[PDB]
Amino acid sequence: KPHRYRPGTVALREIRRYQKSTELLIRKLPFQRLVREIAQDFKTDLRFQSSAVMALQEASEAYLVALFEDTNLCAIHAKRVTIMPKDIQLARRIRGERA
Amino acid sequence: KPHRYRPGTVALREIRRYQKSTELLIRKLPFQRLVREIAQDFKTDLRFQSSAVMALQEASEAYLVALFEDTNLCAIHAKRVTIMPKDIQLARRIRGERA
Amino acid sequence: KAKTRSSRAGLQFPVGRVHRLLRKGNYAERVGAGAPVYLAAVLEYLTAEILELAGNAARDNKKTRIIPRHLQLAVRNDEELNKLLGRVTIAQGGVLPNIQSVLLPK
Amino acid sequence: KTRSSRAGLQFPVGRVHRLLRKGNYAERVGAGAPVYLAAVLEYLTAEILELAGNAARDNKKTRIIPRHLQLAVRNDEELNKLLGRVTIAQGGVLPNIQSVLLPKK
Amino acid sequence: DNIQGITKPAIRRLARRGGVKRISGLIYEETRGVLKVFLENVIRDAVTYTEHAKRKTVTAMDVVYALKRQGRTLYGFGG
Amino acid sequence: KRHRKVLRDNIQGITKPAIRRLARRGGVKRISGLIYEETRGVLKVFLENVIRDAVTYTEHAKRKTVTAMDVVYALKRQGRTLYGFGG
Amino acid sequence: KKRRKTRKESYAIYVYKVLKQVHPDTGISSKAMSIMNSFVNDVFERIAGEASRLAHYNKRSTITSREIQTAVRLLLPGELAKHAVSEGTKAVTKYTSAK
Amino acid sequence: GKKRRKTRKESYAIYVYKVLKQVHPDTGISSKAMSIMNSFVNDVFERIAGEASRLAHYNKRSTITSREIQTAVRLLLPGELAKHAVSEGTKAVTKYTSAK
DNA sequence: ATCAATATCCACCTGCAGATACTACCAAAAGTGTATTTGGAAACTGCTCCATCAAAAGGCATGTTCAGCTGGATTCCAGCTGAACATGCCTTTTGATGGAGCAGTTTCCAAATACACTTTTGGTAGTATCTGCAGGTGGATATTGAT
DNA sequence: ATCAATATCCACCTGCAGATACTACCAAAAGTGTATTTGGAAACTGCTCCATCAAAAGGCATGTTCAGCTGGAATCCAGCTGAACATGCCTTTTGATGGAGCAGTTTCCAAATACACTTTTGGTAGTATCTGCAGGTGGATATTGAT
Ligand SMILES: [Cl-]
Ligand SMILES: [Cl-]
Ligand SMILES: [Cl-]
Ligand SMILES: [Cl-]
Ligand code: NI
Ligand code: NI
Ligand code: NI
Ligand code: NI
Ligand code: NI
Ligand code: NI
Ligand code: NI
Ligand code: NI
Ligand code: NI
Ligand code: NI
Ligand code: NI
Ligand code: NI
Ligand code: NI
Ligand code: NI
Ligand code: NI
Ligand code: NI
Ligand code: NI
Ligand code: NI
Ligand code: NI
Ligand code: NI
Ligand code: NI
Ligand code: NI
Ligand code: NI
Ligand code: NI
Ligand code: NI
Ligand code: NI
Ligand code: NI
Ligand code: NI
Ligand code: NI
Ligand code: NI
Ligand code: NI
Ligand code: NI
Ligand code: NI
Ligand code: NI
Ligand code: NI
Ligand code: NI
Ligand code: NI
Ligand code: NI
Ligand code: NI
Ligand code: NI
Ligand code: NI
Ligand code: NI
Ligand code: NI
Ligand code: NI
Ligand code: NI
Ligand code: NI
Ligand code: NI
């Protein structure tokens with residue numbers, strides 16, 4: 001008398017959903033806090049044009065999305081279907097970010 | 001009683017040897033003909049300063065060695081020690097040489 | 001002024017502007033009359049190509065107004081623009097639908 | 001009285017003032033800019049020669065060769081990165097074998 | 001927290017947009033580390049453009065130019 | 001008198017031993033049999049791209065000789081800067 | 001009202017005109033138009049930048065139409081290069097042969 | 001002696017050699033390594049000059065001053081190299097500006 | 001296979017954010033015409049260096065085969081670890097309102113560019129001359145693989 | 001564990017390719033001084049759009065349960081390494097030759113700069129008209145997972 005989908009079915013559904021759209025996927029305020037927090041170590045009492053944070057979010061999420069694409073290829077190459085820190089790690093090394 | 005090193009022992013010795021040295025590892029003339037052939041298909045009646053060919057070789061060897069490091073890393077991620085075309089392909093995909 | 005250099009060259013893009021922009025850009029001491037015409041035309045062509053495929057992209061998705069989504073689809077679907085824009089991020093463009101075949105059910 | 005000696009520099013301030021003009025980087029070039037640049041350039045040359053000199057020494061050689069620049073650059077985290085997209089002809093690579101490839105057990 | 005404001009469901013959404021099906025639990029901390037390194041690099045440079053301009057506000061241009069030189073050109077903010 | 005021969009199949013001049021040496025420098029211990037043909041392919045594409053830009057610079061200079069500088073400028077514009085050969 | 005008028009120029013109106021010639025029935029959002037503006041600035045910068053290098057490699061002090069041409073060759077991929085060279089020569093011709 | 005007078009091909013090699021004597025008085029340098037060195041100097045010059053170029057543009061300025069060069073160095077060199085380069089550069093400007 | 005529960009799809013709908021359309025005021029952008037200057041194409045030509053053949057070894061390193069070791073590919077399988085799931089509360093968002101500071105303006109001078117002798121220097125040219133080290137050899141220490 | 005059969009080391013040799021040091025002369029580069037011009041600091045200004053917190057909205061932390069993916073273990077065999085053997089028409093290397101074409105120098109004209117004076121126009125700033133589609137719905141039907 002419960003309705004459960006098999007594991008992976010909701011996953012697949014979500015992929016189809018999120019690849020079809022373009023809305024940002026991190027929530028605006030936590031991102032803003034983090035940006036300000038990180039900037040504070042370079043210079044104190046800083047303000048940000050609202051479009052300057054927008055830019056950073058767009059650039060950040062584009063970057064992570066593409067890193068998950070590469071990460072996924074790395075899992076699959078190891079005959080897995082679960083991404084793991086070693087996958088992200090190998091992507092970044094080959095990309096020349098860790099190297 | 002004839003003596004045989006086990007498989008992998010001469011290979012390891014070779015890594016040490018070639019990692020130690022800096023000499024070009026493809027022979028000069030074969031490399032030069034290849035350059036002249038590829039260039040000729042773009043444009044006929046070209047000539048090359050000798051240091052143009054030497055620059056192309058130095059550039060091509062450094063590129064191939066580095067691709068092997070990245071490829072080696074891709075085999076090891078797959079829990080192998082044998083490099084395979086799919087390892088090179090994964091390297092080139094993540095480097096953006098492909099996709 | 002009789003006719004704008006754009007109309008002399010048959011171009012909808014601002015030849016004058018391009019010429020001025022080449023000077024103020026410190027690209028070289030002198031700038032020949034031909035160059036801004038050549039350059040303007042190249043820029044028009046590339047714009048037309050992108051707008052052409054993004055128009056198509058807008059049509060398919062049953063729409064008449066181009067949004068960043070449509071420039072993303074146009075560019076990423078085209079082997080050539082995609083390379084040219086290999087290191088570019090179009091804001092609000094998302095990604096091409098793609099699911100690795102080994103992840104598909106059963 | 002040279003501007004180099006005047007700034008306390010071995011690197012040529014006159015030459016750097018000149019190359020900055022010929023390079024079309026801006027309509028005007030202030031007199032301090034070449035001074036600063038010649039200094040930065042000399043600082044970096046000093047850093048790499050320092051370390052290359054040691055690699056030569058570690059290898060019982062007294063003459064620096066491109067192999068020495070390469071050990072120097074690749075062993076130094078910051079030079080390595082500054083020169084991360086750069087190939088040093090005849091530099092070879094750093095000795096490095098991945099653990100798993102070693103024999104044991 | 002702050003870095004933890006980038007929540008597990010957010011990270012999961014991004015991964016899905018990148019075509020990811022299943023996700024190891026350790027991925028979340030790794031993703032945040034990765035994000036922090038990305039922003040540090042971009043912000044450091046943008047803030048250097050701000051300091052030069054003698055401003056106390058980071059402008060979109062400062063970010064857009066920082067992204068350019070990091071080799072991550074972004075379109076849509078150059079007005 | 002005028003020589004010129006036909007140049008063909010020179011990519012096979014990149015011998016198995018020479019590819020084995022390069023992979024060694026790259027720290028590679030074991031090599032599958034299909035690696036040789038793959039490597040030749042990848043090299044060929046690398047050269048095609050470098051040589052093509054190099055020859056473009058050659059033509060633009062109105063030269064018939066490809067200089068070290070043409071190669072050096074070509075490598076530079078593809079993000080593979082080479083030190084050791086000039087400018 | 002010539003005070004707050006620090007004129008910010010953009011390729012918008014020209015982008016808009018070209019839109020009509022290719023899809024007269026179709027329009028374009030703010031964000032999209034902004035994307036396009038960035039695109040044109042960018043290609044300008046890249047092409048102009050490459051011409052600048054060419055001119056310098058050959059100790060020239062002028063950027064002629066020959067420089068833009070080589071620049072486009074070096075920059076654009078195959079087919080796009082072909083057509084842009086086409087459009088470019090066509091427009092210089094037309095312009096020479098205009099009163 | 002003298003063949004139609006070849007045009008001057010200028011390089012940083014004498015400067016590089018001086019700096020080498022300063023840090024390692026008994027060490028020499030092959031001409032290949034010197035070639036690498038001269039390349040590296042031209043390379044860093046172009047890179048700094050170019051960041052500077054852009055910097056000026058971005059701020060509607062038409063002059064590259066020591067301040068543009070400084071921001072450029074900070075944009076270009078990593079961590080500890082930037083700090084010391086900025087310190088050596090500032091040192092030099094100060095030293096220079098206080099003569100006369 | 002039977003089949004209920006949900007997801008997904010489709011036409012249709014409204015309202016409003018954001019598109020377009022039309023007018024007016026204006027600095028600066030753009031061309032037009034006309035004396036002035038100069039980069040670079042053209043013709044000639046000296047001198048570098050590229051192609052090419054020769055003939056040896058300085059014979060090295062390659063291609064071919066063949067044995068048999070072991071890494072990679074497969075199959076199976078236990079438990080560990082991610083996915084699915086449900087909703088109150090607690091964090092984000094979407095609104096409102098001063099005021100910080102970016103961006104505009106205009107004043108003015110410290111420092112830039114221009115231009116003229118006058119001096120100094122790095123490149124080069126060319127013999128003249130040491131020296132570090134590549135490659136040789138031997139003969140003493142290090143490792144691998146068979147028992 | 002011994003050890004035998006190699007590879008590996010490294011310190012002391014050589015002959016010369018390549019590095020450093022003569023002095024030569026000089027075009028160009030660099031300095032010094034002088035008059036003429038100017039970008040941008042710096043000081044003030046306003047209105048834009050940024051940080052703050054109103055309450056209105058709604059995403060997510062929590063934990064428990066369990067399917068299925070992961071790594072571990074076991075077996076098998078073929079695809080790879082090592083090495084022997086035969087011999088490049090193979091590559092290196094040395095060096096000589098003829099002359100292609102690159103690079104340096106001159107003459108000279110066409111296209112660019114400099115500039116003044118005229119005419120246009122793209123951007124900004126409203127003001128008003130209007131419309132494409134995001135989001136809400138109703139109803140068919142396709143997908144999923146439990147039988
Ligand atoms: Cl992991
Ligand atoms: Cl494979
Ligand atoms: Cl022209
Ligand atoms: Cl200055
Ligand atoms: Ni902090
Ligand atoms: Ni051919
Ligand atoms: Ni296409
Ligand atoms: Ni360091
Ligand atoms: Ni063949
Ligand atoms: Ni159409
Ligand atoms: Ni140059
Ligand atoms: Ni076509
Ligand atoms: Ni700009
Ligand atoms: Ni320090
Ligand atoms: Ni039913
Ligand atoms: Ni049911
Ligand atoms: Ni339907
Ligand atoms: Ni509105
Ligand atoms: Ni002239
Ligand atoms: Ni000239
Ligand atoms: Ni022969
Ligand atoms: Ni067998
Ligand atoms: Ni085994
Ligand atoms: Ni089980
Ligand atoms: Ni768990
Ligand atoms: Ni609720
Ligand atoms: Ni207010
Ligand atoms: Ni204020
Ligand atoms: Ni201000
Ligand atoms: Ni001298
Ligand atoms: Ni000499
Ligand atoms: Ni030796
Ligand atoms: Ni021996
Ligand atoms: Ni043993
Ligand atoms: Ni000699
Ligand atoms: Ni001003
Ligand atoms: Ni002024
Ligand atoms: Ni089970
Ligand atoms: Ni498994
Ligand atoms: Ni089996
Ligand atoms: Ni001769
Ligand atoms: Ni001759
Ligand atoms: Ni000739
Ligand atoms: Ni010539
Ligand atoms: Ni108008
Ligand atoms: Ni308006
Ligand atoms: Ni409507
Ligand atoms: Ni309507
Ligand atoms: Ni809808
Ligand atoms: Ni419904
Ligand atoms: Ni079913």
# chains A, B, ... in the order shown; residues from 1 in each chain; ligands from 1
$ residues_near_ligand --ligand "ligand 19" --cutoff "9 Å" --atoms "only C-alpha atoms (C1' of nucleotides) and all ligand atoms" --output "MDAnalysis selection string"
chainID I and resid 38:40
$ write_last_selection --atoms "N, CA and C atoms (P, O5', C5', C4', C3', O3' and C1' of nucleotides)" --output "mmCIF file, in the first residue's frame"
data_model
loop_
_atom_site.group_PDB
_atom_site.id
_atom_site.type_symbol
_atom_site.label_atom_id
_atom_site.label_comp_id
_atom_site.auth_asym_id
_atom_site.auth_seq_id
_atom_site.Cartn_x
_atom_site.Cartn_y
_atom_site.Cartn_z
ATOM 1 P P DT I 38 56.752 61.740 -42.405
ATOM 2 O "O5'" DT I 38 56.439 60.192 -42.637
ATOM 3 C "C5'" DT I 38 55.109 59.669 -42.565
ATOM 4 C "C4'" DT I 38 55.053 58.305 -43.237
ATOM 5 C "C3'" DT I 38 56.378 57.544 -43.305
ATOM 6 O "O3'" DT I 38 56.098 56.165 -43.127
ATOM 7 C "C1'" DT I 38 55.541 57.820 -45.456
ATOM 8 P P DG I 39 56.929 55.204 -42.155
ATOM 9 O "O5'" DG I 39 55.985 53.906 -42.155
ATOM 10 C "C5'" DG I 39 54.644 54.024 -42.610
ATOM 11 C "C4'" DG I 39 54.127 52.839 -43.414
ATOM 12 C "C3'" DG I 39 54.841 51.499 -43.344
ATOM 13 O "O3'" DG I 39 53.847 50.507 -43.640
ATOM 14 C "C1'" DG I 39 55.136 52.420 -45.497
ATOM 15 P P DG I 40 54.124 48.941 -43.623
ATOM 16 O "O5'" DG I 40 54.343 48.592 -45.154
ATOM 17 C "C5'" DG I 40 53.282 48.694 -46.093
ATOM 18 C "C4'" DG I 40 53.856 48.644 -47.499
ATOM 19 C "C3'" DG I 40 54.623 47.365 -47.814
ATOM 20 O "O3'" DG I 40 54.258 46.916 -49.105
ATOM 21 C "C1'" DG I 40 56.006 49.215 -48.226
#
$ interface_residues --of "chain I" --to "chain H" --cutoff "8 Å" --atoms "only C-alpha atoms (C1' of nucleotides)" --output "PyMOL selection string"
chain I and resi 46-47+123+125-126
$ write_last_selection --atoms "C-alpha atoms (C1' of nucleotides)" --output "short mmCIF file (atom, residue, chain, number, x, y, z; two decimals), in the first residue's frame"
data_model
loop_
_atom_site.label_atom_id
_atom_site.label_comp_id
_atom_site.auth_asym_id
_atom_site.auth_seq_id
_atom_site.Cartn_x
_atom_site.Cartn_y
_atom_site.Cartn_z
"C1'" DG I 46 74.82 39.46 -52.08
"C1'" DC I 47 75.31 35.67 -49.19
"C1'" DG I 123 75.79 43.56 -31.44
"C1'" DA I 125 82.81 40.13 -36.56
"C1'" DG I 126 86.71 37.19 -36.32
#
$ closest_atom_pairs --of "chain H" --to "ligand 8" --cutoff "12 Å" --atoms "only C-alpha atoms and all ligand atoms" --output "CSV"
residue,atom,partner,partner_atom_place_in_ligand_line,distance
H:77,CA,ligand 8,1 (Ni),11.6
H:78,CA,ligand 8,1 (Ni),9.8
H:79,CA,ligand 8,1 (Ni),9.2
H:80,CA,ligand 8,1 (Ni),7.0
H:81,CA,ligand 8,1 (Ni),7.4
H:82,CA,ligand 8,1 (Ni),11.0
H:83,CA,ligand 8,1 (Ni),11.6
H:84,CA,ligand 8,1 (Ni),10.8
$ residues_near_ligand --ligand "ligand 15" --cutoff "12 Å" --atoms "only C-alpha atoms (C1' of nucleotides) and all ligand atoms" --output "number ranges by chain"
I: 2-5; J: 141-143
$ residues_around --residues "range 37-45 of chain C" --least-positions-apart "4" --cutoff "10 Å" --atoms "only C-alpha atoms (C1' of nucleotides)" --output "mmCIF file with N, CA and C atoms, in the first residue's frame"
data_model
loop_
_atom_site.group_PDB
_atom_site.id
_atom_site.type_symbol
_atom_site.label_atom_id
_atom_site.label_comp_id
_atom_site.auth_asym_id
_atom_site.auth_seq_id
_atom_site.Cartn_x
_atom_site.Cartn_y
_atom_site.Cartn_z
ATOM 1 N N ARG C 5 30.210 54.120 -45.904
ATOM 2 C CA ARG C 5 31.092 53.043 -46.339
ATOM 3 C C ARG C 5 30.458 51.655 -46.198
ATOM 4 N N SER C 6 29.579 51.504 -45.217
ATOM 5 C CA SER C 6 28.794 50.295 -45.096
ATOM 6 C C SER C 6 28.007 50.031 -46.380
ATOM 7 N N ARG C 8 28.444 51.369 -49.332
ATOM 8 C CA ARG C 8 29.397 51.161 -50.420
ATOM 9 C C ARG C 8 29.836 49.693 -50.485
ATOM 10 N N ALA C 9 29.990 49.080 -49.314
ATOM 11 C CA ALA C 9 30.482 47.712 -49.197
ATOM 12 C C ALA C 9 29.337 46.716 -49.199
ATOM 13 N N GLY C 10 28.124 47.238 -49.053
ATOM 14 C CA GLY C 10 26.921 46.433 -49.143
ATOM 15 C C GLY C 10 26.619 45.799 -47.821
ATOM 16 N N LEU C 11 27.017 46.478 -46.751
ATOM 17 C CA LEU C 11 27.002 45.879 -45.423
ATOM 18 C C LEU C 11 26.110 46.596 -44.435
ATOM 19 N N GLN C 12 25.410 45.795 -43.639
ATOM 20 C CA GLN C 12 24.548 46.279 -42.572
ATOM 21 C C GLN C 12 25.309 46.616 -41.286
ATOM 22 N N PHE C 13 26.612 46.325 -41.250
ATOM 23 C CA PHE C 13 27.432 46.515 -40.049
ATOM 24 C C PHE C 13 28.273 47.775 -40.175
ATOM 25 N N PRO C 14 28.548 48.446 -39.039
ATOM 26 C CA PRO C 14 29.098 49.792 -39.076
ATOM 27 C C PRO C 14 30.569 49.808 -39.406
ATOM 28 N N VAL C 15 30.874 50.004 -40.687
ATOM 29 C CA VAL C 15 32.254 50.041 -41.136
ATOM 30 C C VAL C 15 33.001 51.157 -40.395
ATOM 31 N N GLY C 16 32.424 52.360 -40.355
ATOM 32 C CA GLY C 16 33.074 53.477 -39.665
ATOM 33 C C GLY C 16 33.527 53.109 -38.257
ATOM 34 N N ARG C 17 32.580 52.608 -37.467
ATOM 35 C CA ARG C 17 32.815 52.148 -36.112
ATOM 36 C C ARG C 17 33.982 51.168 -36.043
ATOM 37 N N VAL C 18 33.932 50.128 -36.872
ATOM 38 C CA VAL C 18 34.975 49.112 -36.867
ATOM 39 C C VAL C 18 36.332 49.756 -37.125
ATOM 40 N N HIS C 19 36.394 50.647 -38.111
ATOM 41 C CA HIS C 19 37.632 51.374 -38.389
ATOM 42 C C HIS C 19 38.132 52.138 -37.161
ATOM 43 N N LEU C 22 39.445 49.804 -34.496
ATOM 44 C CA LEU C 22 40.744 49.213 -34.785
ATOM 45 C C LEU C 22 41.883 50.158 -34.412
ATOM 46 N N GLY C 32 44.837 50.169 -42.698
ATOM 47 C CA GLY C 32 44.431 50.355 -44.087
ATOM 48 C C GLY C 32 42.930 50.425 -44.258
ATOM 49 N N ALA C 33 42.481 51.138 -45.291
ATOM 50 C CA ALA C 33 41.067 51.304 -45.601
ATOM 51 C C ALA C 33 40.332 49.996 -45.830
ATOM 52 N N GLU C 49 24.971 33.676 -39.421
ATOM 53 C CA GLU C 49 25.046 32.254 -39.161
ATOM 54 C C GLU C 49 24.454 31.873 -37.798
ATOM 55 N N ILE C 50 24.848 32.596 -36.744
ATOM 56 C CA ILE C 50 24.388 32.233 -35.419
ATOM 57 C C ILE C 50 22.911 32.479 -35.343
ATOM 58 N N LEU C 51 22.480 33.679 -35.731
ATOM 59 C CA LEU C 51 21.058 34.044 -35.716
ATOM 60 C C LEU C 51 20.189 33.113 -36.573
ATOM 61 N N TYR G 14 22.602 46.755 -35.262
ATOM 62 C CA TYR G 14 23.143 46.033 -36.398
ATOM 63 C C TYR G 14 22.868 44.539 -36.290
ATOM 64 N N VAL G 15 22.958 43.986 -35.086
ATOM 65 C CA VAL G 15 22.563 42.601 -34.890
ATOM 66 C C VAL G 15 21.085 42.468 -35.264
ATOM 67 N N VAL G 18 20.353 42.433 -39.135
ATOM 68 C CA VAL G 18 20.741 41.143 -39.697
ATOM 69 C C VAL G 18 19.747 40.055 -39.313
ATOM 70 N N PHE G 39 29.437 38.180 -28.144
ATOM 71 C CA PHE G 39 29.969 37.417 -29.252
ATOM 72 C C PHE G 39 30.718 38.270 -30.284
ATOM 73 N N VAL G 40 30.142 39.388 -30.707
ATOM 74 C CA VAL G 40 30.750 40.185 -31.774
ATOM 75 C C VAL G 40 31.993 40.886 -31.274
ATOM 76 N N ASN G 41 31.907 41.489 -30.081
ATOM 77 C CA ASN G 41 33.086 42.097 -29.448
ATOM 78 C C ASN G 41 34.230 41.112 -29.383
ATOM 79 N N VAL G 43 34.814 38.210 -31.110
ATOM 80 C CA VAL G 43 35.399 37.834 -32.397
ATOM 81 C C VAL G 43 36.221 38.980 -32.977
ATOM 82 N N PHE G 44 35.735 40.211 -32.792
ATOM 83 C CA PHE G 44 36.495 41.405 -33.151
ATOM 84 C C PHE G 44 37.850 41.351 -32.460
ATOM 85 N N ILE G 47 40.063 38.460 -33.734
ATOM 86 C CA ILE G 47 40.562 38.672 -35.093
ATOM 87 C C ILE G 47 41.537 39.828 -35.126
ATOM 88 N N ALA G 48 41.137 40.966 -34.564
ATOM 89 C CA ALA G 48 42.020 42.129 -34.486
ATOM 90 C C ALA G 48 43.337 41.785 -33.794
ATOM 91 N N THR G 64 46.323 45.607 -43.011
ATOM 92 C CA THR G 64 45.636 45.679 -44.302
ATOM 93 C C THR G 64 44.559 44.614 -44.336
ATOM 94 N N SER G 65 43.836 44.485 -45.448
ATOM 95 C CA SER G 65 42.804 43.450 -45.535
ATOM 96 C C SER G 65 43.448 42.056 -45.619
ATOM 97 N N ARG G 66 44.731 42.020 -45.959
ATOM 98 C CA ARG G 66 45.418 40.755 -46.013
ATOM 99 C C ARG G 66 45.589 40.150 -44.609
ATOM 100 N N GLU G 67 45.777 41.024 -43.619
ATOM 101 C CA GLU G 67 45.997 40.622 -42.235
ATOM 102 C C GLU G 67 44.735 40.059 -41.625
ATOM 103 N N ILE G 68 43.613 40.729 -41.871
ATOM 104 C CA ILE G 68 42.341 40.231 -41.387
ATOM 105 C C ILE G 68 42.097 38.877 -42.011
ATOM 106 N N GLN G 69 42.474 38.724 -43.270
ATOM 107 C CA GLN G 69 42.172 37.491 -43.973
ATOM 108 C C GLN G 69 42.925 36.328 -43.332
ATOM 109 N N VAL G 72 41.494 35.383 -40.021
ATOM 110 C CA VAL G 72 40.254 34.611 -40.122
ATOM 111 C C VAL G 72 40.607 33.164 -40.444
ATOM 112 N N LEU G 80 33.449 27.645 -41.945
ATOM 113 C CA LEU G 80 33.295 29.048 -41.524
ATOM 114 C C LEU G 80 34.416 29.948 -42.031
ATOM 115 N N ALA G 81 35.639 29.435 -42.068
ATOM 116 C CA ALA G 81 36.733 30.189 -42.650
ATOM 117 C C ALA G 81 36.428 30.444 -44.121
ATOM 118 N N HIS G 83 33.680 30.623 -45.950
ATOM 119 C CA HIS G 83 32.619 31.598 -46.221
ATOM 120 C C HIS G 83 32.893 33.013 -45.774
ATOM 121 N N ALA G 84 33.626 33.150 -44.675
ATOM 122 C CA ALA G 84 33.956 34.454 -44.152
ATOM 123 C C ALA G 84 34.984 35.104 -45.056
ATOM 124 N N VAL G 85 35.902 34.307 -45.599
ATOM 125 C CA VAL G 85 36.875 34.826 -46.564
ATOM 126 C C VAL G 85 36.134 35.327 -47.794
ATOM 127 N N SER G 86 35.173 34.514 -48.221
ATOM 128 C CA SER G 86 34.215 34.818 -49.266
ATOM 129 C C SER G 86 33.516 36.163 -49.017
ATOM 130 N N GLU G 87 32.699 36.248 -47.970
ATOM 131 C CA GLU G 87 32.036 37.510 -47.637
ATOM 132 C C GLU G 87 33.004 38.689 -47.599
ATOM 133 N N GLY G 88 34.182 38.457 -47.032
ATOM 134 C CA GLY G 88 35.164 39.510 -46.827
ATOM 135 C C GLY G 88 35.737 40.053 -48.110
ATOM 136 N N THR G 89 36.085 39.169 -49.038
ATOM 137 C CA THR G 89 36.600 39.603 -50.337
ATOM 138 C C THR G 89 35.490 40.296 -51.137
ATOM 139 N N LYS G 90 34.295 39.707 -51.106
ATOM 140 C CA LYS G 90 33.119 40.259 -51.762
ATOM 141 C C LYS G 90 32.845 41.706 -51.363
ATOM 142 N N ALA G 91 32.930 42.001 -50.069
ATOM 143 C CA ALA G 91 32.644 43.341 -49.574
ATOM 144 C C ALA G 91 33.739 44.353 -49.913
ATOM 145 N N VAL G 92 34.986 43.907 -50.008
ATOM 146 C CA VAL G 92 36.072 44.821 -50.343
ATOM 147 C C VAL G 92 35.999 45.154 -51.834
ATOM 148 N N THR G 93 35.818 44.123 -52.652
ATOM 149 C CA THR G 93 35.502 44.286 -54.061
ATOM 150 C C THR G 93 34.367 45.298 -54.275
ATOM 151 N N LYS G 94 33.176 44.978 -53.774
ATOM 152 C CA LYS G 94 32.009 45.849 -53.887
ATOM 153 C C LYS G 94 32.366 47.295 -53.517
ATOM 154 N N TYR G 95 33.104 47.445 -52.425
ATOM 155 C CA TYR G 95 33.487 48.748 -51.886
ATOM 156 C C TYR G 95 34.501 49.493 -52.767
#
$ interface_residues --of "chain F" --to "chain B" --cutoff "9 Å" --atoms "only C-alpha atoms" --output "number ranges by chain"
F: 6-15, 17-19, 21-35, 38-39, 42-44, 46-48, 50-52, 55, 63-72, 75, 80-82, 84-85
$ select_by_dssp --residues "range 15-84 of chain H" --states "strand (DSSP E)" --output "count of residues only"
4
